[PDB]
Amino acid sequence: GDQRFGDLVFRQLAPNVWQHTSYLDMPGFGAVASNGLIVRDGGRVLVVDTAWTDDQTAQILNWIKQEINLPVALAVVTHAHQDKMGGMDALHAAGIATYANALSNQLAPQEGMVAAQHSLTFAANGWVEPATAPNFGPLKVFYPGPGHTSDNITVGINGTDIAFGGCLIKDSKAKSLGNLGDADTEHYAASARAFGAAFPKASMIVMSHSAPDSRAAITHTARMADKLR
């Protein structure tokens, strides 16, 4: 299932969909894995999230060149923290168009991130305003409300059973919601449930820090979040 490629790991989840995994030795927390996605849409490739670093993100592009060998049309990043946005410069060096929540781009400088080139905005119900996500193919971008951070966004893959929760969603056996230092404790539970309701047919839930799981990842994350209120 897992393919080791240098210091990174890649796993095919479905036809046209792979999970990328990178690791950073965070002092006091061990070597933390972070997951994103790679999607083939016809003759082009779409990326969800960078790796932790520019060098690791360049390695993602190298793997894409070896295993898919099609241009990367765009990347979308799911919030302004290092595990999701730390490799923005590598995407720009490669000529890839980059997208993030407008709020992520506003927060990026003070968070130590490089902003994406383009800003997504969202309707009151959470769905991306379509003009701000042009040519996204099967990617369906949804802002579920504040949770892990105020700017966290999520992505479904049309034509598959897959939806991606980023750092908002933890697996069905997770012991806690992890670092809540930037989190919205009042709204987390509703935001997790809003993600599940936005993608009701997704039976494979992908997330930043655990392997793909069933929808019990959503119910368990929300149930743990109920206790924050």
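Numbering starts at 1 and runs along the sequence shown.
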Comparing 130-138 with 84-92, which stretch shows the greater average C-alpha B-factor in the deposited entry?
130-138
Identify the stretch, either 116-124 or 75-83, whose C-alpha atoms have the larger mean B-factor according to the entry.
116-124
Would you mind checking which of 31, 39, 61, 167 has the top Cα temperature factor in the PDB entry?
31
Residue 104's Cα B-factor: lowest, middle or highest third of the chain?
lowest
With respect to C-alpha B-factor, does residue 190 fall in the lowest, middle or highest third of the chain as deposited?
highest
Per the entry's values, where does residue 183 land by CA temperature factor relative to the rest of its chain, in the lowest, middle or highest third?
highest
Taking the C-alpha B-factors as the PDB entry records them, is residue 51 in the lowest, middle or highest third of its chain?
lowest
Third of the chain, ranked by Cα B-factor, where residue 174 sits
highest
